[PDB]
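Undergrad: Below you will find the structure I want to go over with you.
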Amino acid sequence: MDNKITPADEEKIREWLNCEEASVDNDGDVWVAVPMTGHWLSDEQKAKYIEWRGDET
Amino acid sequence: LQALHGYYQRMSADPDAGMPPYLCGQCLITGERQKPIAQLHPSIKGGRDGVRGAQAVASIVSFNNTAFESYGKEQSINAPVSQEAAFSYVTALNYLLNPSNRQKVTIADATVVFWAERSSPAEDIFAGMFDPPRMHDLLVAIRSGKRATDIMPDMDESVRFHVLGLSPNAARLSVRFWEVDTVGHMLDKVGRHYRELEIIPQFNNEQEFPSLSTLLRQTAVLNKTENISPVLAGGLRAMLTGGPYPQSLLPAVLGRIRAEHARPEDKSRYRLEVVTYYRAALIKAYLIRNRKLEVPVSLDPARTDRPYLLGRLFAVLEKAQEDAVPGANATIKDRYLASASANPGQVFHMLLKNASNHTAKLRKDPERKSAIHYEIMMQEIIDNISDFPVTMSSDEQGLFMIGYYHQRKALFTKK
Amino acid sequence: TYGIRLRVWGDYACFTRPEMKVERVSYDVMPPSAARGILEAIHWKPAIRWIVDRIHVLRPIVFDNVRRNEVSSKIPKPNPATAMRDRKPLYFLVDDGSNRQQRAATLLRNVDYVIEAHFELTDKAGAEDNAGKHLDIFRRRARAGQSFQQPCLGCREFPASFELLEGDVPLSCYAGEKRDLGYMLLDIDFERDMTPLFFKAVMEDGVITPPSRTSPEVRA
Amino acid sequence: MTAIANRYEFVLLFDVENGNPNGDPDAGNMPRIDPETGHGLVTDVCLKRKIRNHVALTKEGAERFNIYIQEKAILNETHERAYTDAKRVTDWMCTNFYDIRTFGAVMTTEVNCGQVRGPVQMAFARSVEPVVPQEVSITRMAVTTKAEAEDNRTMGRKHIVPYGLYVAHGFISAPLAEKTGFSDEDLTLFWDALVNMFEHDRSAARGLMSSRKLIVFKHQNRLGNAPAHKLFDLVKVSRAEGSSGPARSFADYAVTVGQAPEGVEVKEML
Amino acid sequence: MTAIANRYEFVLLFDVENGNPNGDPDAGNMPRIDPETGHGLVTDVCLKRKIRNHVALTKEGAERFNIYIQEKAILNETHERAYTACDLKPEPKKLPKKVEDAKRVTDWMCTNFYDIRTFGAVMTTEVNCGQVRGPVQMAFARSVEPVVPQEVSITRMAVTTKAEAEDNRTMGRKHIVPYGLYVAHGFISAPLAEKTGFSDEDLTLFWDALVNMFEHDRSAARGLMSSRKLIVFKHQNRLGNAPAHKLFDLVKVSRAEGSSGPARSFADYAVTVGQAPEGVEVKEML
């Protein structure tokens, strides 16, 4: 399966986190802010996300 | 909501102006036992074409985070509604959210959608009744306490009416208020609201029924739709439940009056007022409802309240200033209104001395005796006051503001 | 004669709807579940089950909005042994990005209820466990103001003041009104894997009478 | 296990001078005020956060007094654990994290729902009389973006409560403590934090906040000896006879406690 | 730069004579007042600005002693300095993906700029340099007696644009407080100081600045402003020995026995400092 985060996930990322800001870099790392302090999701949070994506589709 | 469900069941009956498309548990929407529960509810329309402000994919029920999950249940088993119901309510909401249909209005940050339990002309009226543009005649009638039937015989007032307010939380949207009153009852309540708000116009271009958004905007941190306190937008529930307005309203308008100043960037002849028509209307509503006071629509010089008399006195001093130094870019209303209303004992001495200097200049100039008239008004207003109070309450400040607005309007072109 | 009549009131209350837990929305009236909780906060033992006969709504229904910063996640389980095999700091940081959650609330104000309830012995009751004994103990605690914990109007932020009614119930604002509040949370059947069960809350004269939570015909 | 022996009630009075005691995320960060009465409002979780932070600073990770729910204003230099069918893990969590022991917690998973209560409970703190916040306009020297440099100054706004005395009620239930090992050492540290909450919480927004009084009704019985709502009635915080107009310092308020029923004591920690 | 070890509170007394200590952007330019009681106010922000000015004037941009908020700076251009000095490419709108590099950039911001080290900053904008809370805090200054701001009209005998009014002169106005004594509290935090790097050298400079704050702030609208007391309460440990309010209260500001009528000089006021708790020492010698 395509276990990779992409800009097409950004709306979904926003949703998941409920943050009013998201940004995926060129490699696949992800960023979020506004309801939260701007920070990069950790590996475990990325895994959580992907699971979320898979299950809550 | 099951109200939404019932609305879908209503509109779905007709082949137009609607749409007929189609573990287990107790459906809380319907109340039917052993029905297929939805694991993930269908999405709601966000964005400017749906609930403004929320993301395009909005939802009522959302258990994406571990905090909100309860009694061992997962993503929508916590909120058990049958699939059918899930579809239904969502669809009805979406149809009401489509602006092509007249059943929608946007207030501050929240979008309001309303409907009657069965077809009634109310659904076409309430769209404008709390955002006023026959409709004007109806508004005047209900403000007079007349029954709606006298202007619209087809208005069956026994029909139950519903109003819903949705606020955006990124992907999540929240219920801010909810009313299920009957058309006649809440129409009478709106009539009473508009009756309380009534004040003589400041300039003849201001509308007779101030749109609730315009009323709220005037308390905004910069007089723009953004910076409206969402809690005040929700509090003005008070309009059509008939209860007291939120107690934070009067301090909010008084705070605006403190922190405002006359911007000449309107580029009209007049420099923008500090106590505008709408702020005075809100203050009158707050004093009528919460404080049970008596407030007139126009000036009532046959009155003996010290706060009111001080407001009138401030108005006449301001008029004397603006006559003594025409065209100036600042006036006492820009600086000393906030402290005059809240602490008369400390500032009215300096305002009266400055007004004395203004009348001094005016006496020698032309207008050689409006110099006398303003002093006569000061005599007749000061004559009723025993002392300047050390401090005044919030509602006493409201009466001060109302008196200032009244005496200012009644003096634009008296002399 | 056989029964209880407990009064509760407080400034705030939040009886959150199950379909709006994420962005709190309160039931117009205290559900029997909440009632039960309140009752158990005063006196309760495994041997006895509380049943809510009537719930009176004395003060009128009023709503208000409060918004709070909140945490998005339950704290994870450490393993006691591996938790110390290599000494490590354990914490939950509310400022670390995703941790922060905002959560509105649609909560009641100035509530005032009278709860009519009675006891029922559980199947695991002791042979010597008299129901009259527990009735007396609860009445003593209610009269003296004693309690296991301060009863709360749904949520711990909302403590409930309480008194015991020995006299006739006072009249409500809705004394001559009828109102159907729709389907609302009756209880939670913990035996049947913790699903909610709902009832049609028809308020009349300001008093609500839900069906017995133990009814076989309500339960699956 | 050891635990506190008596139910306690406490009424905490604190005040703010030219500060934002607790902002409203739903009202542009203006300080909260109660819509039904006009009283200023401070959420309990706002105060619990202060207690947590103060204990974290003071006990600096001692064996039995670590804190779980931190915020990123902490240091990692030193730590230690007590290290005493799912009861084992729960009581391990309770025995070394002060906040989980005192206020309770929730853990991710259990056959049960994973709830820990803790004995302490406290309610929304509301003003003694209505407060009217003031909007303060402030201006900055520099500009943040190069775009807005296109002479250069930006205007902000700060919201302050000129003054207001807030009454915070709270309840300590001994029976809950007995299930959580909340002992008298924890209780004394807790009174210490309530007295000293706002000492370490200084920042640009809050101005000067201080705990002025802390009355403690100590009961005789394991349960109470009088209804809490009737106990709170004895703390008649009212205005000093010599003061009129807005209250601007604690001297403007006179607070007294009546004779509590014989079964319950009283102590004024402050 | 080793951090300080003691918790400090301070009380600052300062004067104003025929000056506008702090203008209110709303009331035209009127001195800030508490509208409900008439007491004058000075935003803590203004005093922080004067401290910053002092730092910049006395250190003149020496290393470890630059200031962050300046009269014509652009914040992003300053943050790019930190990113470059850390060799990181400035991540667009974001922090560096490595937490250690984020800490290094934030510390370089703290360890260089004096006022970031002191008062803290919120730098999470565009090029992101993180957040700092500031070991140092101070509250709004508030007068000990209500002030009476008076409005002074003035004229200019020349005009900027093409005008024909001069038939009367071009009018302008100044607002001034005839006199007022301002009591400004402050706070210094060891725990946060350690996390920032606030050293005793810094602290010395800080008291210096406070004492010499106004001496270089002279302007046509400021009048004559002076520092009258700096009562510092040094606690003997990291965490104080006495509640703040319990120390502020030792500092009593009253009106001299022989003084009547409106105050017009420091001599109208009697300042008394009580006996501090045994865990505190007072250095009113400042």
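By convention in this document, the chains of the structure tokens carry letters A, B, ... by their order, each chain's residues are numbered from 1, and ligands are numbered from 1 in the order they are shown.
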Within 12 Å of residue D:50, counting only C-alpha atoms, which residues show up once you throw out same-chain ones fewer than 6 positions away? Write them as a JSON list (two decimals) with N, CA, C and O atoms, in the first residue's frame, please.
TA:
```json
[["chain", "number", "residue", "atom", "x", "y", "z"],
["D", 21, "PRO", "N", -7.00, 37.70, 33.46],
["D", 21, "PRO", "CA", -6.85, 36.48, 34.26],
["D", 21, "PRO", "C", -7.04, 35.21, 33.46],
["D", 21, "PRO", "O", -6.29, 34.24, 33.66],
["D", 22, "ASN", "N", -8.01, 35.18, 32.56],
["D", 22, "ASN", "CA", -8.28, 33.99, 31.76],
["D", 22, "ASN", "C", -9.02, 34.45, 30.51],
["D", 22, "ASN", "O", -10.14, 34.95, 30.62],
["D", 43, "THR", "N", -12.18, 29.62, 34.41],
["D", 43, "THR", "CA", -12.42, 28.19, 34.40],
["D", 43, "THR", "C", -11.56, 27.49, 35.45],
["D", 43, "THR", "O", -10.45, 27.92, 35.75],
["D", 44, "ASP", "N", -12.09, 26.40, 36.01],
["D", 44, "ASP", "CA", -11.32, 25.64, 36.97],
["D", 44, "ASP", "C", -10.03, 25.12, 36.36],
["D", 44, "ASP", "O", -8.95, 25.20, 36.97],
["D", 56, "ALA", "N", 5.10, 21.36, 39.84],
["D", 56, "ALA", "CA", 6.19, 20.87, 39.01],
["D", 56, "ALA", "C", 7.47, 21.63, 39.29],
["D", 56, "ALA", "O", 8.55, 21.04, 39.43],
["D", 57, "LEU", "N", 7.38, 22.96, 39.40],
["D", 57, "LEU", "CA", 8.56, 23.75, 39.71],
["D", 57, "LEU", "C", 9.08, 23.43, 41.11],
["D", 57, "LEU", "O", 10.28, 23.22, 41.31],
["D", 69, "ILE", "N", 0.79, 15.86, 33.21],
["D", 69, "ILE", "CA", 0.24, 16.79, 32.30],
["D", 69, "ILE", "C", 1.02, 18.08, 32.31],
["D", 69, "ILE", "O", 0.57, 19.04, 32.94],
["D", 70, "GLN", "N", 2.16, 18.12, 31.63],
["D", 70, "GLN", "CA", 3.03, 19.29, 31.66],
["D", 70, "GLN", "C", 2.65, 20.27, 30.55],
["D", 70, "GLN", "O", 1.75, 20.03, 29.75],
["D", 71, "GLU", "N", 3.38, 21.38, 30.51],
["D", 71, "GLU", "CA", 3.42, 22.25, 29.35],
["D", 71, "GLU", "C", 4.87, 22.61, 29.09],
["D", 71, "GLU", "O", 5.72, 22.52, 29.98],
["D", 99, "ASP", "N", -0.25, 15.08, 40.11],
["D", 99, "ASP", "CA", -1.50, 15.56, 39.51],
["D", 99, "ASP", "C", -2.48, 14.42, 39.28],
["D", 99, "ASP", "O", -3.69, 14.60, 39.47],
["D", 190, "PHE", "N", -0.77, 20.83, 48.73],
["D", 190, "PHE", "CA", -1.86, 21.37, 47.93],
["D", 190, "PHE", "C", -2.29, 22.74, 48.44],
["D", 190, "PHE", "O", -2.48, 23.68, 47.66],
["D", 193, "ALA", "N", 0.28, 25.09, 47.24],
["D", 193, "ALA", "CA", 0.14, 25.50, 45.85],
["D", 193, "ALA", "C", -0.99, 26.51, 45.69],
["D", 193, "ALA", "O", -0.83, 27.53, 45.02],
["D", 194, "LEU", "N", -2.15, 26.24, 46.29],
["D", 194, "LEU", "CA", -3.26, 27.18, 46.19],
["D", 194, "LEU", "C", -2.86, 28.55, 46.70],
["D", 194, "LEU", "O", -3.24, 29.58, 46.13],
["D", 195, "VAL", "N", -2.07, 28.60, 47.78],
["D", 195, "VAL", "CA", -1.61, 29.89, 48.29],
["D", 195, "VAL", "C", -0.61, 30.52, 47.33],
["D", 195, "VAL", "O", -0.58, 31.74, 47.16],
["D", 196, "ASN", "N", 0.25, 29.78, 46.70],
["D", 196, "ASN", "CA", 1.33, 30.14, 45.87],
["D", 196, "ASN", "C", 1.15, 29.90, 44.39],
["D", 196, "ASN", "O", 2.11, 29.99, 43.63],
["D", 197, "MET", "N", -0.07, 29.55, 43.97],
["D", 197, "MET", "CA", -0.34, 29.28, 42.56],
["D", 197, "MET", "C", 0.29, 30.32, 41.64],
["D", 197, "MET", "O", 1.10, 29.99, 40.77],
["D", 198, "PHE", "N", -0.07, 31.58, 41.83],
["D", 198, "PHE", "CA", 0.20, 32.61, 40.84],
["D", 198, "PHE", "C", 1.59, 33.21, 40.94],
["D", 198, "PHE", "O", 1.87, 34.19, 40.25],
["D", 199, "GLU", "N", 2.48, 32.74, 41.76],
["D", 199, "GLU", "CA", 3.77, 33.25, 41.98],
["D", 199, "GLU", "C", 4.72, 33.06, 40.83],
["D", 199, "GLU", "O", 5.55, 33.92, 40.53],
["D", 200, "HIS", "N", 4.69, 31.95, 40.17],
["D", 200, "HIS", "CA", 5.45, 31.54, 39.05],
["D", 200, "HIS", "C", 4.78, 31.71, 37.72],
["D", 200, "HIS", "O", 5.32, 31.29, 36.70],
["D", 201, "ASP", "N", 3.58, 32.27, 37.71],
["D", 201, "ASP", "CA", 2.75, 32.34, 36.51],
["D", 201, "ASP", "C", 2.78, 33.71, 35.85],
["D", 201, "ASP", "O", 1.91, 34.00, 35.03],
["D", 202, "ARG", "N", 3.70, 34.57, 36.14],
["D", 202, "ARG", "CA", 3.87, 35.85, 35.60],
["D", 202, "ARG", "C", 4.06, 35.79, 34.10],
["D", 202, "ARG", "O", 4.77, 34.91, 33.61],
["D", 209, "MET", "N", -1.62, 38.80, 39.65],
["D", 209, "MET", "CA", -2.66, 37.97, 40.24],
["D", 209, "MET", "C", -2.12, 37.34, 41.51],
["D", 209, "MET", "O", -0.98, 36.86, 41.55],
["D", 210, "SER", "N", -2.94, 37.32, 42.56],
["D", 210, "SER", "CA", -2.49, 36.89, 43.87],
["D", 210, "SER", "C", -3.63, 36.21, 44.61],
["D", 210, "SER", "O", -4.79, 36.56, 44.42],
["D", 211, "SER", "N", -3.28, 35.24, 45.45],
["D", 211, "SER", "CA", -4.27, 34.57, 46.29],
["D", 211, "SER", "C", -4.36, 35.31, 47.62],
["D", 211, "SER", "O", -3.43, 35.25, 48.43]]
```
Undergrad: Enumerate the residues of stretch 52-108 of chain D with a DSSP assignment of strand (DSSP E or B), computed from the backbone, and present them as a ChimeraX atom specification.
TA: /D:66,97,105-107
Undergrad: Since we have the selection now, will you write its residues out, keeping N, CA and C atoms, as a compact mmCIF listing (two decimals), in the first residue's frame?
TA:
```txt
# COMPACT_ATOMS: atom_id res chain seq x y z
N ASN D 66 6.17 13.83 40.90
CA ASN D 66 6.25 14.22 39.51
C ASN D 66 4.87 14.60 39.00
N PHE D 97 2.85 10.33 40.38
CA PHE D 97 2.45 11.54 39.66
C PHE D 97 1.49 12.32 40.54
N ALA D 105 -7.18 11.27 36.43
CA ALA D 105 -6.75 11.04 35.11
C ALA D 105 -7.59 10.04 34.37
N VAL D 106 -7.32 9.80 33.13
CA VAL D 106 -7.80 8.79 32.27
C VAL D 106 -6.71 8.16 31.46
N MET D 107 -6.57 6.88 31.41
CA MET D 107 -5.67 6.10 30.68
C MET D 107 -6.30 5.53 29.44
```
Undergrad: Excluding stretch 48-55 of chain A and its own-chain neighbours fewer than 6 positions away, which residues fall within 8 Å of it when counting only C-alpha atoms? Please give them as an MDAnalysis selection string.
TA: chainID A and resid 3 13 16
Undergrad: Any chance you can output those residues with N, CA, C and O atoms as a PDB file, in the first residue's frame?
TA:
```
ATOM      1  N   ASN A   3       1.928   3.819   1.588  1.00  0.00           N
ATOM      2  CA  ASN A   3       2.150   4.462   2.876  1.00  0.00           C
ATOM      3  C   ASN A   3       3.052   5.673   2.667  1.00  0.00           C
ATOM      4  O   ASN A   3       4.251   5.631   2.963  1.00  0.00           O
ATOM      5  N   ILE A  13      -5.596  15.830   6.515  1.00  0.00           N
ATOM      6  CA  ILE A  13      -4.746  16.140   7.600  1.00  0.00           C
ATOM      7  C   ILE A  13      -5.347  17.216   8.466  1.00  0.00           C
ATOM      8  O   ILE A  13      -5.435  17.122   9.697  1.00  0.00           O
ATOM      9  N   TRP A  16      -8.330  15.710  10.350  1.00  0.00           N
ATOM     10  CA  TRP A  16      -7.871  14.820  11.345  1.00  0.00           C
ATOM     11  C   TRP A  16      -7.414  15.554  12.574  1.00  0.00           C
ATOM     12  O   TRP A  16      -7.894  15.352  13.694  1.00  0.00           O
TER      13      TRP A  16
END
```
Undergrad: What's around residue B:242 at 7 Å? Count only C-alpha atoms, leave out sequence neighbours fewer than 3 positions away in its own chain, and write the answer as a VMD selection string.
TA: chain B and resid 189 238 to 239
Undergrad: Selection from above, N, CA and C atoms, as a PDB file, in the first residue's frame, can you write it?
TA:
```
ATOM      1  N   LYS B 189     -42.526  37.737  19.326  1.00  0.00           N
ATOM      2  CA  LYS B 189     -41.296  38.028  20.064  1.00  0.00           C
ATOM      3  C   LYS B 189     -40.363  38.923  19.256  1.00  0.00           C
ATOM      4  N   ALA B 238     -31.501  35.762  22.283  1.00  0.00           N
ATOM      5  CA  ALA B 238     -32.295  36.680  23.091  1.00  0.00           C
ATOM      6  C   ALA B 238     -33.311  37.422  22.235  1.00  0.00           C
ATOM      7  N   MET B 239     -33.009  37.606  20.950  1.00  0.00           N
ATOM      8  CA  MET B 239     -33.918  38.328  20.067  1.00  0.00           C
ATOM      9  C   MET B 239     -35.252  37.609  19.931  1.00  0.00           C
TER      10      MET B 239
END
```
Undergrad: Separation of atom CA of residue B:301 and atom CA of residue B:141, in Å?
TA: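 Distance reported for this atom pair: 29.0 Å.
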Undergrad: So which bits of chain A end up alpha helix (DSSP H) when you DSSP the backbone, as a compact mmCIF listing (two decimals) with N, CA, C and O atoms, in the first residue's frame?
TA:
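Wrote part.txt, looks like this:
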```
# COMPACT_ATOMS: atom_id res chain seq x y z
N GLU A 10 -3.63 16.96 2.36
CA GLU A 10 -3.59 18.13 3.23
C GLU A 10 -4.96 18.43 3.82
O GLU A 10 -5.07 18.71 5.02
N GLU A 11 -6.02 18.37 3.01
CA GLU A 11 -7.35 18.61 3.55
C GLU A 11 -7.70 17.58 4.62
O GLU A 11 -8.24 17.92 5.68
N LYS A 12 -7.41 16.34 4.43
CA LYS A 12 -7.62 15.27 5.32
C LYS A 12 -6.81 15.39 6.58
O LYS A 12 -7.27 15.06 7.68
N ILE A 13 -5.60 15.83 6.51
CA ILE A 13 -4.75 16.14 7.60
C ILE A 13 -5.35 17.22 8.47
O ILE A 13 -5.43 17.12 9.70
N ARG A 14 -5.78 18.29 7.88
CA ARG A 14 -6.47 19.36 8.48
C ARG A 14 -7.65 18.86 9.27
O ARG A 14 -7.86 19.19 10.44
N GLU A 15 -8.48 18.06 8.68
CA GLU A 15 -9.60 17.43 9.26
C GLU A 15 -9.22 16.64 10.49
O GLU A 15 -9.71 16.85 11.60
N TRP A 16 -8.33 15.71 10.35
CA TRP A 16 -7.87 14.82 11.34
C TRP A 16 -7.41 15.55 12.57
O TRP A 16 -7.89 15.35 13.69
N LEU A 17 -6.48 16.43 12.44
CA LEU A 17 -5.97 17.30 13.43
C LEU A 17 -6.89 18.43 13.78
O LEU A 17 -6.76 19.04 14.85
N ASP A 43 6.82 10.58 13.84
CA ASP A 43 6.63 9.33 13.11
C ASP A 43 5.38 8.60 13.58
O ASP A 43 4.59 8.13 12.76
N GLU A 44 5.20 8.50 14.90
CA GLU A 44 4.03 7.80 15.42
C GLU A 44 2.74 8.52 15.03
O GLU A 44 1.74 7.86 14.73
N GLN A 45 2.75 9.85 15.04
CA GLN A 45 1.57 10.58 14.60
C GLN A 45 1.30 10.34 13.12
O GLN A 45 0.14 10.23 12.70
N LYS A 46 2.35 10.26 12.30
CA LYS A 46 2.17 9.92 10.90
C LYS A 46 1.54 8.54 10.74
O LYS A 46 0.64 8.34 9.92
N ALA A 47 2.01 7.57 11.53
CA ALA A 47 1.44 6.23 11.49
C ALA A 47 -0.04 6.27 11.87
O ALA A 47 -0.88 5.64 11.22
N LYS A 48 -0.41 6.96 12.89
CA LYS A 48 -1.73 7.19 13.33
C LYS A 48 -2.58 7.75 12.22
O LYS A 48 -3.70 7.31 11.96
N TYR A 49 -2.10 8.73 11.53
CA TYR A 49 -2.72 9.36 10.42
C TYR A 49 -3.05 8.38 9.34
O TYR A 49 -4.13 8.37 8.76
N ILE A 50 -2.12 7.57 8.94
CA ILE A 50 -2.23 6.63 7.89
C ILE A 50 -3.25 5.57 8.22
O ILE A 50 -4.07 5.16 7.38
N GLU A 51 -3.27 5.07 9.41
CA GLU A 51 -4.25 4.20 9.93
C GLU A 51 -5.63 4.82 9.85
O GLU A 51 -6.62 4.19 9.46
N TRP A 52 -5.76 6.04 10.24
CA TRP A 52 -6.92 6.85 10.15
C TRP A 52 -7.44 6.92 8.74
O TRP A 52 -8.63 6.73 8.45
N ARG A 53 -6.60 7.20 7.81
CA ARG A 53 -6.84 7.26 6.42
C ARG A 53 -7.41 5.98 5.90
O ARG A 53 -8.40 5.94 5.16
N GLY A 54 -6.81 4.88 6.23
CA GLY A 54 -7.24 3.62 5.87
C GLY A 54 -8.56 3.20 6.37
O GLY A 54 -9.41 2.68 5.64
N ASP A 55 -8.80 3.40 7.67
CA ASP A 55 -10.01 2.97 8.37
C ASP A 55 -11.21 3.93 8.13
O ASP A 55 -12.27 3.52 7.67
```
Undergrad: Once you count only C-alpha atoms, which residues of chain B turn out to be within 8 Å of chain A? Could you give them as a PDB file with N, CA, C and O atoms, in the first residue's frame?
TA:
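Once written, part_2.pdb looks like this:
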```
ATOM      1  N   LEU B  40     -19.712   5.967  10.167  1.00  0.00           N
ATOM      2  CA  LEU B  40     -19.122   7.218   9.711  1.00  0.00           C
ATOM      3  C   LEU B  40     -20.196   8.012   8.973  1.00  0.00           C
ATOM      4  O   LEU B  40     -20.647   7.616   7.901  1.00  0.00           O
ATOM      5  N   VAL B  57     -15.395  19.926   3.923  1.00  0.00           N
ATOM      6  CA  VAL B  57     -15.808  18.720   4.534  1.00  0.00           C
ATOM      7  C   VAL B  57     -16.110  18.916   5.996  1.00  0.00           C
ATOM      8  O   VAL B  57     -15.241  18.643   6.829  1.00  0.00           O
ATOM      9  N   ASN B  64     -12.707  11.679  15.819  1.00  0.00           N
ATOM     10  CA  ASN B  64     -11.381  11.427  15.253  1.00  0.00           C
ATOM     11  C   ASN B  64     -10.273  11.326  16.319  1.00  0.00           C
ATOM     12  O   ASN B  64      -9.237  10.716  16.064  1.00  0.00           O
ATOM     13  N   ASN B  65     -10.464  11.945  17.490  1.00  0.00           N
ATOM     14  CA  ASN B  65      -9.582  12.043  18.587  1.00  0.00           C
ATOM     15  C   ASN B  65      -9.985  11.158  19.733  1.00  0.00           C
ATOM     16  O   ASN B  65     -11.185  10.975  19.952  1.00  0.00           O
ATOM     17  N   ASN B 169     -15.893  25.318  13.462  1.00  0.00           N
ATOM     18  CA  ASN B 169     -14.726  24.888  14.132  1.00  0.00           C
ATOM     19  C   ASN B 169     -13.856  24.041  13.227  1.00  0.00           C
ATOM     20  O   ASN B 169     -13.833  22.820  13.353  1.00  0.00           O
ATOM     21  N   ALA B 170     -13.128  24.668  12.305  1.00  0.00           N
ATOM     22  CA  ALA B 170     -12.361  23.966  11.272  1.00  0.00           C
ATOM     23  C   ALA B 170     -13.279  22.923  10.644  1.00  0.00           C
ATOM     24  O   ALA B 170     -14.289  23.312  10.033  1.00  0.00           O
ATOM     25  N   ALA B 171     -13.053  21.654  10.718  1.00  0.00           N
ATOM     26  CA  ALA B 171     -13.840  20.590  10.228  1.00  0.00           C
ATOM     27  C   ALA B 171     -15.078  20.306  11.036  1.00  0.00           C
ATOM     28  O   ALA B 171     -16.041  19.725  10.528  1.00  0.00           O
ATOM     29  N   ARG B 172     -15.119  20.642  12.279  1.00  0.00           N
ATOM     30  CA  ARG B 172     -16.168  20.561  13.215  1.00  0.00           C
ATOM     31  C   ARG B 172     -17.006  21.806  13.205  1.00  0.00           C
ATOM     32  O   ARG B 172     -16.454  22.907  13.140  1.00  0.00           O
TER      33      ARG B 172
END
```
Undergrad: List the spatial neighbours of residue D:174 as a ChimeraX atom specification - criterion: any atom at most 12 Å away, only C-alpha atoms, same-chain residues fewer than 3 positions off excluded.
TA: /C:146-150 /D:2-9,102,117-121,171,177-184,187,218-224
Undergrad: For the selection just defined, write its residues with C-alpha atoms to a file, as a short mmCIF file (atom, residue, chain, number, x, y, z; two decimals), in the first residue's frame.
TA:
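Ended up saving to out27.cif:
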```
data_model
loop_
_atom_site.label_atom_id
_atom_site.label_comp_id
_atom_site.auth_asym_id
_atom_site.auth_seq_id
_atom_site.Cartn_x
_atom_site.Cartn_y
_atom_site.Cartn_z
CA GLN C 146 -22.85 14.42 53.98
CA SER C 147 -21.79 12.74 50.76
CA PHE C 148 -19.27 10.37 49.26
CA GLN C 149 -18.38 13.13 46.80
CA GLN C 150 -19.87 16.48 45.91
CA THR D 2 -2.41 6.24 54.17
CA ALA D 3 -4.94 8.90 53.24
CA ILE D 4 -6.37 12.16 54.51
CA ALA D 5 -8.93 11.57 57.24
CA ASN D 6 -11.44 14.41 56.80
CA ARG D 7 -13.50 16.04 54.10
CA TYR D 8 -12.31 19.58 53.41
CA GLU D 9 -13.99 22.56 51.82
CA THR D 102 -4.76 14.75 43.23
CA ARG D 117 -10.95 10.52 39.91
CA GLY D 118 -8.74 11.96 42.59
CA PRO D 119 -10.24 13.59 45.67
CA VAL D 120 -9.88 17.28 44.83
CA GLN D 121 -12.68 19.04 42.96
CA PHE D 171 -14.17 20.22 47.61
CA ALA D 177 -8.56 9.91 48.51
CA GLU D 178 -8.74 6.51 50.19
CA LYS D 179 -8.85 4.96 46.70
CA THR D 180 -5.90 7.09 45.55
CA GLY D 181 -3.51 7.41 48.50
CA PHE D 182 -3.92 11.19 48.72
CA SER D 183 -2.16 11.72 52.06
CA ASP D 184 -1.74 14.65 54.42
CA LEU D 187 -2.81 17.95 51.16
CA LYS D 218 -12.05 21.00 58.10
CA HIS D 219 -14.70 18.42 58.94
CA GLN D 220 -14.64 15.88 61.76
CA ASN D 221 -16.24 12.92 59.98
CA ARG D 222 -14.78 10.94 57.10
CA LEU D 223 -17.75 12.37 55.23
CA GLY D 224 -18.89 15.93 55.96
#
```
Undergrad: Return the single residue from E:205, E:11, E:75, E:285 that is closest to residue E:245, with distances computed using only C-alpha atoms.
TA: E:11
Undergrad: Can you work out which residues from chain A touch chain E at a cut-off of 10 Å (counting only C-alpha atoms) and hand them back as a list in words?
TA: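 Contact residues on the first chain: residues 23, 25, 29, 30, 31, 32, 33, 37, 38, 39, 40 and 41 of chain A.
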Undergrad: Within 10 Å of chain D, which residues belong to chain C? Use only C-alpha atoms and report them as a PyMOL selection string.
TA: chain C and resi 10-12+62-71+73-81+83-84+87-96+102-104+109-110+141-150+152+156-163
Undergrad: Per residue of chain C within 6 Å of chain B, record the nearest atom pair and its distance in Å to one decimal, counting only C-alpha atoms, with rows in chain order and ascending residue number, as CSV.
TA:
```
residue,atom,partner,partner_atom,distance
C:18,CA,B:79,CA,5.3
C:19,CA,B:79,CA,4.3
C:22,CA,B:68,CA,5.9
C:23,CA,B:174,CA,5.9
C:72,CA,B:67,CA,5.3
C:73,CA,B:67,CA,4.5
C:74,CA,B:67,CA,5.6
```
